[PDB]
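*Asks:* Give me a 3D structure for the following:
(one chain, ligands or ions: 3)
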Amino acid sequence: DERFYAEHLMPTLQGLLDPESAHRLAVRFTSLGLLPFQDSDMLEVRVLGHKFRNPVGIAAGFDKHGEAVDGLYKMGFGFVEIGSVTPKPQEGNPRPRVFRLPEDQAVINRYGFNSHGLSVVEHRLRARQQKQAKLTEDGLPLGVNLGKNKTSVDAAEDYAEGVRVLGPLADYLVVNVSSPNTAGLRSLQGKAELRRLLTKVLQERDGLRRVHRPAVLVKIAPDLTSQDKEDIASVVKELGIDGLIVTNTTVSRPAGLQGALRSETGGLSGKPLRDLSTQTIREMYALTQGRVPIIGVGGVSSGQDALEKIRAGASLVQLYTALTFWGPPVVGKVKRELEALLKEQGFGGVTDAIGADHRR
Ligand SMILES: Cc1cc2nc3c(=O)[nH]c(=O)nc-3n(C[C@H](O)[C@H](O)[C@H](O)COP(=O)(O)O)c2cc1C
Ligand SMILES: N#C/C(C(=O)Nc1ccc(-c2ccccc2)cc1)=C(/O)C1CC1
Ligand SMILES: O=C(O)c1cc(=O)[nH]c(=O)[nH]1
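*Replies:* Numbering: from 1, shown residues only. Ligands and ions are numbered 1, 2, ... in the order given. And now the structure:
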């Protein structure tokens, strides 16, 4: 129940544990299915070669190693993304590396891709691969988000290894070139780098057998220049990339942040990123002429937040940070409010609202 979690459970949990410990305990509880809304057809969306029974997903970073997929579907998410996963295991940055900004409903993290590695996650997904095939057919798809190791010398070979190893187990894969916490990674977003990296990714993906061939998406940052966005849009059309994830966390620090920890290094998420993300979705949708599916992510904690990103051009949305403040009831809250607003605004379902701001 919303108020109980919002007002009692979550604050108490937050007073008791540092945020990294709270996150680990939350993954454990979720993966055991220790948690307590029926989805309307208005919320169903068809995109990326799949049906999604509702358009609200959990963003990458919550379940980094694939341990809690089924408990996430049970929380009400229409789709789950895990990762980012790197080819070899690696520890990530020294602690502390995650900071709560409760007066801003924000988080700053600099995990640095702590990952159990491809092999461990491959085994975990294979142990439930046929159960995921049926979830997917029932409208509950799985994405896998790929990163690169810290000491790797050849970024494109790290991503290609992830497509070869986890591509056969995913409905879509994400080439995450926008973490702000791995040195040099964001420079993969530049025109020449990106084109060469994505050509190699797509060749690897196309060499998979047909029933194991995922869609491929690129996840980008909220901090790009106008020139960067134009170059991304052009590469994405030139290569037939299947969609974009918009956006990762920001390295900016918007005026007015009150949290005592606002000057920690790392990516900032939650409310202060919300409109910078929505504006990036609006611009990428226009530059791609509405023809490249976008998954909208950054500061979503309500139905109105989801629908804004929807009308700016997103076909699906994701959240993470709002879960850390509101807990599990936020998921049904976002869905029930989104459905009430679609009705109030005269849309037949999510699908008719996608990109609607661009048609006024
Ligand atoms: C604690 C933390 C860890 C994250 N780790 C990843 C990650 O490994 N891969 C990734 O693509 N995005 C990662 N993200 C970014 C989220 O997927 C999402 O893009 C961002 O947090 C904005 O959404 P939100 O405001 O709803 O949290 C992480 C975010 C947070 C808060
Ligand atoms: N701080 C913090 C939290 C956090 O509190 N996460 C969280 C998410 C879901 C729950 C929850 C509560 C009840 C059942 C299942 C999950 C609890 C904590 C995070 O997930 C990220 C690293 C900062
Ligand atoms: O591992 C992390 O540091 C991480 C990766 C990512 O893509 N985004 C982020 O905010 N943190």
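*Asks:* Nearest to ligand 1: which residue in the protein?
*Replies:* In the chain, no residue comes nearer to ligand 1 than residue 61, which is 2.2 Å away by C-beta to the nearest ligand atom. Bear in mind the C-beta positions are built from the backbone N, C-alpha and C, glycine included.
*Asks:* wait, that residue sits on residue 320?
*Replies:* Yes. When contacts are counted by C-beta atoms under 8 Å, residue 61 is listed as touching residue 320 (5.8 Å).
*Asks:* Same drill for these two, tell me which one is more crowded.
*Replies:* residue 61 (25 against 21; other C-beta atoms under 10 Å).
*Asks:* which residues of the stretch 101-250 of the chain fall in helices?
*Replies:* Ranges of helices in the stretch 101-250 of the chain, per DSSP state H, counting those that start in this stretch, are 118-126, 129-137, 155-166, 191-206, 226-239.
*Asks:* tell me which parts of the stretch 51-200 of the chain are close to ligand 3?
*Replies:* Taking C-beta under 6 Å from any ligand atom as the measure of proximity, the stretch 51-200 of the chain contacts ligand 3 at 61, 84, 109, 110, 111, 112, 113, 176, 179, 181.
*Asks:* if we go to 8 Å?
*Replies:* In this structure, the stretch 51-200 of the chain approaches ligand 3 at residues 60-61, 64, 84, 92-93, 97, 109-114, 145, 147, 176, 178-182, judged by C-beta under 8 Å from any ligand atom.
*Asks:* Now which of those residues would you call buried?
*Replies:* By the neighbour-count criterion of 16 or more other C-beta atoms under 10 Å, these include these buried positions: 60-61, 64, 84, 92-93, 97, 109-114, 145, 147, 176, 178-182.
*Asks:* Alpha carbons of the helix or strand where residue 274 lies, as PDB, please.
*Replies:* Secondary structure assigned from DSSP states H and E places residue 274 in helix 274-287. Once side chains and other backbone atoms are set aside, the C-alpha atoms of helix 274-287 remain, and they are given as PDB (Å, rounded to 0.1, in the frame of the first residue of the first chain):
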ATOM      1  CA  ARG A 274      13.200  14.000 -15.400                       C
ATOM      2  CA  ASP A 275      12.800  16.900 -17.900                       C
ATOM      3  CA  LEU A 276      16.300  16.800 -19.400                       C
ATOM      4  CA  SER A 277      15.400  13.100 -20.300                       C
ATOM      5  CA  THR A 278      12.000  14.000 -21.700                       C
ATOM      6  CA  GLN A 279      13.500  16.800 -23.800                       C
ATOM      7  CA  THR A 280      16.200  14.300 -25.200                       C
ATOM      8  CA  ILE A 281      13.400  11.900 -26.100                       C
ATOM      9  CA  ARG A 282      11.500  14.700 -27.900                       C
ATOM     10  CA  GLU A 283      14.600  15.700 -29.900                       C
ATOM     11  CA  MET A 284      15.600  12.100 -30.800                       C
ATOM     12  CA  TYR A 285      12.100  11.200 -31.900                       C
ATOM     13  CA  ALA A 286      12.000  14.300 -34.300                       C
ATOM     14  CA  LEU A 287      15.500  13.600 -35.700                       C
END
